[PDB]
Every structure is written in structure tokens, then in C-alpha cells.
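Structure, as C-alpha cells:
When reading the values below, keep in mind they use all heavy atoms of this one structure, side chains included, and skip hydrogens, waters and symmetry mates. First the proteins, then the strands, lettered A, B, ... as listed; each starts at 1.
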Amino acid sequence: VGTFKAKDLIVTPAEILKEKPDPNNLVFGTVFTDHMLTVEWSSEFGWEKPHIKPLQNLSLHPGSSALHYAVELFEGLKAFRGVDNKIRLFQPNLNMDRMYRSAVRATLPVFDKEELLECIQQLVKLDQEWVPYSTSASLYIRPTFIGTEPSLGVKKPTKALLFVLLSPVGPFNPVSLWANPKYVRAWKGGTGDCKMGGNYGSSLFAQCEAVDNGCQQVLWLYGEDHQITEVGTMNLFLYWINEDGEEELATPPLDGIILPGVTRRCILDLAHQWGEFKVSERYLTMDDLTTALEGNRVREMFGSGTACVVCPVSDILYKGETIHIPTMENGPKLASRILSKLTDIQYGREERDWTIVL
Amino acid sequence: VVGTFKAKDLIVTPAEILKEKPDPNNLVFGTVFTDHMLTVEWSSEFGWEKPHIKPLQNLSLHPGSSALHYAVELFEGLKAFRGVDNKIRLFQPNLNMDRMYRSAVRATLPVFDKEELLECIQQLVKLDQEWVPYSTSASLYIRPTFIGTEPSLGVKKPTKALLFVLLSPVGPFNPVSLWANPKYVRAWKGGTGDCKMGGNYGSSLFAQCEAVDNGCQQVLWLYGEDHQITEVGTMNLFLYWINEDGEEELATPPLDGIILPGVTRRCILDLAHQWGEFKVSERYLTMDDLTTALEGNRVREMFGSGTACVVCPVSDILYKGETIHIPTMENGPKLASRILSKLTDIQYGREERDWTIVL
């Protein structure tokens, strides 16, 4: 093993810098900044020196294993231009931890998390003017790692590329969910608890079917009893009165088929800290959900992820019926409290160990 | 707007310097590529561009391409064979076009005219025909591949894609030992294990590595509470045995959603049915069915099937700490050899059948 080292960065600035977009009309993942991080690896020579250089197309051998066998993984985190014009990262160490565990499970080569994070900070610092001047926009950071092995054997790659992209993004509009148990996102003994690209390609067909029935996202069901696991690429929370008449924030447990979201983590830590209601990592079925609905026990349902922070759910289509979820008719008080909190930390209105300053 | 590319529109740019062909006896699968490739671009705004045959070159991809982020990708595998009469043949290539088409739909990649793709492939092989080995134990592997090149990071149906085809000469019983650990699952009901989407393969690298450091060559993929035997590496699985009712039987798992429908598998079932010499069954097979059969000396042969190897006999399985011996090689292996001999006779034109296409 070894690692590229940030003290070795080679930097090659763009000649012609691009005009920044309007913060208030930005579609996610659509606009990229001026520069990118690339680092090459080979089993023969190990990790090359890291480059920050102008955003450009990748030159890949058409046999590259990323293209044939989905030898690939990614992350997603954000930079925030704070109320004090200071640029913060949020919980970035948790993303480095996750990206490392993904690399191991993908058989891609390991790296030093601290060195990566310090390369990412130099990238953002170079393009810091792309970090939106706005309190409802951010800069999305997309570390990506791919096998570039030029041979068609299914095997651990002997060549790889780690690269990082920057994209400015903007922004409740509740969501409707499509729940069809014929599709299964992830299985025990599979990779659904890692952020490996192979888990996502198989979802596009279900998403299209979702939009065809006028839903915005897929509710991922699992098992004979139709456990509700995730919502699109978001963790799922239920705020309700449970079977014993207690107020509870519940979310599926990490038993292999749930991606351990940073946002999910932060929300559980906030809820534990507040001490106002029971906080439960536990199994939730559609029948638990509908039984609770025809007893008025449900308050809120929402998804969580880095992109939206929190995403309220208003309806589920299941077995030919639209099932109303009273999230918006209950405020949504919890959802909004969580958003305000996380936003406060992110933009440095509130001071906490969750952010790092550039 | 343009719904399919057409072979009639092919644009050909030959390489200026041709590479030296390898020796067909020292070939490692998928490491040597020929002089030329086929590339066809697509966009949602204009549809399919014209197909190009041009020199093997690196792809220039937007770093946001969805193939790289969300495994919006699929592939195929088929072979060209230089016959005993020196005519070049493809084997069942319309089945590969059909399977690629079905995969594309499940991936949400754009559809294409299957006949047009095959004609472009034929024209690529023709240009590179001297790469088709002068050997009856070697052949030319054809790797059609189809990727999303959508440059935006949203998870969604791609608005840009690339279809490309690589060629790779590949060389020539060497039995395999299998690592069977129920902790890894290849595919599951409600997933995509019945299509050749690249998403299914990247998950398997960890298990394959664990096989190799327990000194096995391949993974035996187990499924479910009862440890169904499903597939071996990237091959379908066959068991030749006396079954529970005491009948000689060739058995292979059914296509219930977790099995890739191999062209080789289909061909072997068709041959077995035509011979009519024993029972042929698409049926569940568990580790307990296997170990019980072995204790009773009822197993004759176990082998994998797939385009690259044709048939790959199994000699041992490591399971729950012990090595379980499979007596394939002590039984000839008669059936495995007869299948290989029949398929290769068809592929290399020793026997004329409509499973092959000349040129």
C-alpha cells in the first residue's frame, strides 16, 4: 500500500475561466467548475502525484473495467459559503471513511483519507469563487474512483483513476413515491451499503416507471413483508406514534441493505441530543405504515441525503392505490426543525465540530 | 430524431500502421486487441449518429459520464471462428443481439436495429479478419459494449450514449476448484442478474479475490436459505448425475430471474434434448442435494458453460471449511468432452448447422 500526498500536488490553472451561473436558477449536477483533481494509480508503480488541472474529458482505454464491470464508486459532499463569507465543509471525514470502505469492497486501491481530504480542500480553494454567494445554494463535491484496467478479464484492477468534480447546486416541495415490490434495490450479501456505481444502474428502469405513473421517486421495498428501506437515493425516516402509543422517529437499521448516509447519521445524533421522543433504528413495513395511517398515528415521512438535506413525502402509490401521508398537514414541524438546524451549522450561523473552514 | 444507425452509413478510417498478431498458443483472455473498433454515438436531441470503424483508440469521455458514476452500461460476448474450410463464422450472433437489446431496455439506454448492429459487427470483423486465429483451438472474441455518457450528475435515463465494439483474439481439460461462501450473493429476485449489465459484475470482485487467496480459481454462487447452486464465476452451471429418483439426468438451474440465460447453456440443453439419452432438467440444485449425491456416488460430472471456455469442468468445491471432491475428471469427463467436441465441430464448420453464419 501507499498514498498520493497533498504536499505533491501539481497545479495547472485554466487560461480561460468560465462565467459563474446564477445561484437562483441552478439544476443539480449540470454545471461544472473550472478545475478538477486527478490521481493515477498502477499496481506496478503505485499512486502517482495528484494533479489539479483544467476540467477536461477523461482519456480511457475502451477496455477499462469501469465501463464493462462497473469497477467504480463515488461520494457526494458539499461546501457552504457561510454568513461570514467563510467556506465550510460539512462532516467531510465521514465521507472519506465511507469512500475508503467502498474502495476496499470494490477491490480498488486504498489511499490516505487525510491526503485526499487535503487535496479536495486545495481544489475547492482554487475554485472558491464558484461556491455560491447565497444562503440556499452550495458547491457539490463528487469524488469518483474507477478501474481503468485495459483487459476484459473480470478481476481486481491493476490501473485506476481517482478524480474529483465540482458542481454548484441550488435547492418544501413534497414528493410522491412509487412502491412496486417487483424491484429490489439491494440484497443481504450484496453491496447496497456501499456507494458503488453498480448499485445505481439497475434503478433507472424503476425510476422511469415512477415518473410514468406521476411519482417523483421510488420507494424501495424488501422482503416478504415489504419493508420500506430507502427513497430513491435517500435514507427514509418516519415520525409517528408507534404500536405502544409513544412518539417516535424511526428509520431502517444498518443490516446490510441500507446505505449509511451522513445526513441520516447527523439526524439521528440531533434527535438523540434533543431527547424529546424515542429514536429507533427498526424495521418498518407497508402494513405497519397503513395500520398507523388508519389510526392517525403518522405525523411525518421524509427522506434525507446530501443533495436535499430533507425531502417530505406526501403520497405513496402501492397496489393500485394512492396512499396519502399527512407530512405537510403536520407542519412539517420536525422536518423544518432539522433543515434549519443542519442549514445553520452548514452556513456557520451556529458553531459546531461538524464543519471545517477553508 | 434518428431512431437507428445503418450499416450502409458506415464511415471507415483504416489504421496506417498495423500491429503484429500474437501467437495463438500464448494468449491471455482479453489482453490483446486488434487494429480497429466500431463506435456509434447517440443523443436524445438528434438520435444516432453515423457508425464509424476506426483505429483502436482511447475513449474521450466527459468525467460526469453516467457509466462512471451509476454503472449505466452493458456488454455482450460472442466469437468468430476460422473454419476448417478457412471460412469465418459467427455462432448464434442473433441471440446476442436479442440479449443486448433486452439489456439496453432494462438499462434505459436507447434502442437500435439489431440487424444493423450485427452488419456493422460483420464489417468490423471483415476488416480485422486476419486477427481471426489460424487455429482450431482459438478464436476472435467480440465485445459489444454500450455506455451512458450523460455529463450531468443526476441519476437518470441518459441523454447521451456510446455503443462500441472491441475485438480480442483468445486462445484455447484444465479443471477448476470453486470457492463457495453463502455470505456473497451474485443476484437476487427483483434485480438484474438475468441481464449482462455491468452493475452485476463489480460487486463480485471481492468474492473472486477471496476465492483466489483460498487457492480456488472461481466462485460458486449460492442463493437463498437452502444454498441453491446458481452459477460458477461468469458461467452457467451444469450437473450430470443420477438424481433422487435414480434417473440419469443433466440438470441446470431454471431461468427464474437470478440466472443469466447463456447462449452456451441454451445450446447444451438443445443438444441434450436432441440426443434423448438421459433426462434433461431445468431445476433447483442445493449444496445438500450435491453432498448427498456425492456420498451416494451418484455424481458423474459438474461443469460451467460460457462463450469464452465453452465448458469448464469442476474438480473441487471449498465449502464450510472442507474441500469437497467432484469426480468429474475420473468420469472422463465423457459428457463434457462430447459437448465440447460437438459445439466446436459446429463452430469451425466441421458440421454444417444453422447455428452459424458465414462472414
Side-chain angles (χ1 to χ4, degrees), chain A residues 61-63 68 150-155, chain B residues 12 14-15 17-25 27-38 53-56 75-96 118-145 164-174 176 233-235 262-264 267 304-313 336-337 339-351 353 355-359:
Chain A
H61 182 297
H68 295 264
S151 70
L152 304 183
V154 181
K155 68 185 140 212
Chain B
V12 184
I17 300 169
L18 300 188
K19 294 173 293 205
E20 37 282 279
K21 268 51 162 200
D23 177 7
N25 296 315
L27 273 172
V28 173
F29 173 80
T31 59
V32 164
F33 298 97
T34 72
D35 295 302
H36 305 277
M37 69 186 301
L38 193 247
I53 288 173
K54 68 194 189 187
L56 186 74
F75 67 95
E76 259 309 324
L78 37 354
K79 286 183 157 169
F81 307 85
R82 183 183 301 285
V84 295
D85 56 5
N86 200 45
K87 292 161 128 67
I88 297 172
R89 289 176 184 80
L90 296 182
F91 179 82
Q92 301 271 233
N94 294 103
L95 298 181
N96 294 275
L118 179 62
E119 179 56 34
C120 294
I121 287 172
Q122 290 194 238
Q123 293 301 132
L124 173 67
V125 173
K126 187 160 192 271
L127 181 61
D128 270 359
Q129 63 173 287
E130 286 310 321
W131 291 86
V132 187
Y134 290 78
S135 164
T136 58
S137 71
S139 71
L140 189 68
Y141 189 77
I142 311 173
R143 168 53 59 87
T145 319
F164 66 96
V165 184
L166 303 180
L167 300 179
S168 175
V170 302
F173 273 130
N174 198 184
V176 300
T234 63
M235 296 177 274
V263 175
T264 319
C267 284
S305 69
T307 288
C309 67
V310 192
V311 286
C312 169
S337 311
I339 286 162
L340 174 66
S341 161
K342 183 65 174 197
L343 288 174
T344 52
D345 289 1
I346 295 156
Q347 286 166 337
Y348 288 99
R350 294 186 277 264
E351 176 199 319
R353 197 180 177 126
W355 291 358
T356 58
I357 298 303
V358 175
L359 273 312

Can you find a pair of side-chain heavy atoms, one from [X] and one from [Y], that are under 4.5 Å apart?
X      : Y      : result
B:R353 : B:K342 : yes
B:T264 : B:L343 : yes
B:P144 : B:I121 : yes
A:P62  : B:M37  : yes
B:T136 : B:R350 : yes
B:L118 : B:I357 : no
B:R82  : B:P133 : no

In sequence, state the C-alpha distance, the side-chain angles, and the governing distance for B:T307 and B:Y141, and then conclude on side-chain contact (heavy atoms from CB on, under 4.5 Å). CA-CA 9 Å; B:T307 288; B:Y141 189 77; 4.1 Å; yes
Of the non-hydrogen atoms in [X] and [Y], which two are nearest, and what is the gap between them?
X      : Y      : answer
B:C267 : B:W355 : O-CH2, 3.6 Å
B:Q122 : B:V358 : NE2-O, 4.3 Å
B:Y348 : B:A138 : OH-O, 2.6 Å
B:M235 : B:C312 : SD-CB, 3.7 Å
B:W131 : B:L140 : O-CD1, 3.8 Å
B:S341 : B:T344 : O-OG1, 3.4 Å

Rounded to the nearest 0.5 Å, how far does [atom2] of [Y] lie from [atom1] of [X]?
X      : Y      : atom1 : atom2 : answer
B:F81  : B:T356 : CZ    : OG1   : 10.0 Å
B:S139 : B:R89  : OG    : CZ    : 14.0 Å
A:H68  : B:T145 : NE2   : OG1   : 4.0 Å
B:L340 : B:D345 : CG    : CG    : 9.0 Å

Donor-acceptor check, side chain of [X] to backbone of [Y], threshold 3.5 angstrom: yes or no?
X      : Y      : value
B:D35  : B:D128 : no
B:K79  : B:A308 : yes
B:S168 : B:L166 : no

Derivation of the side-chain contact (heavy atoms from CB on, under 4.5 Å) call for B:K19 and B:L56: CA-CA 11 Å; B:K19 294 173 293 205; B:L56 186 74; 3.8 Å; yes
Aromatic ring pairing B:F33/A:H61, orientation class (parallel under 30°, perpendicular over 60°, tilted between):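 B:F33 and A:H61: tilted rings.
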Is the CG atom of B:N86 crowded by more than 12 outside heavy atoms at less than 6.0 Å? yes
Is B:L359 atom CG crowded by more than 12 heavy atoms from other residues, nucleotides or ligands, each under 6.0 Å away?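 No, not enclosed.
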Please test B:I142 against B:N96 for side-chain contact (heavy atoms from CB on, under 4.5 Å), starting from the C-alpha separation and ending with a verdict. CA-CA 11 Å; B:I142 311 173; B:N96 294 275; over 6 Å; no
Per the side-chain contact (heavy atoms from CB on, under 4.5 Å) rule, which among B:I53, B:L127, B:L167 passes with B:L38? B:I53
Run B:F91 and B:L78 through side-chain contact (heavy atoms from CB on, under 4.5 Å) and show every step you take. CA-CA 7 Å; B:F91 179 82; B:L78 37 354; over 6 Å; no
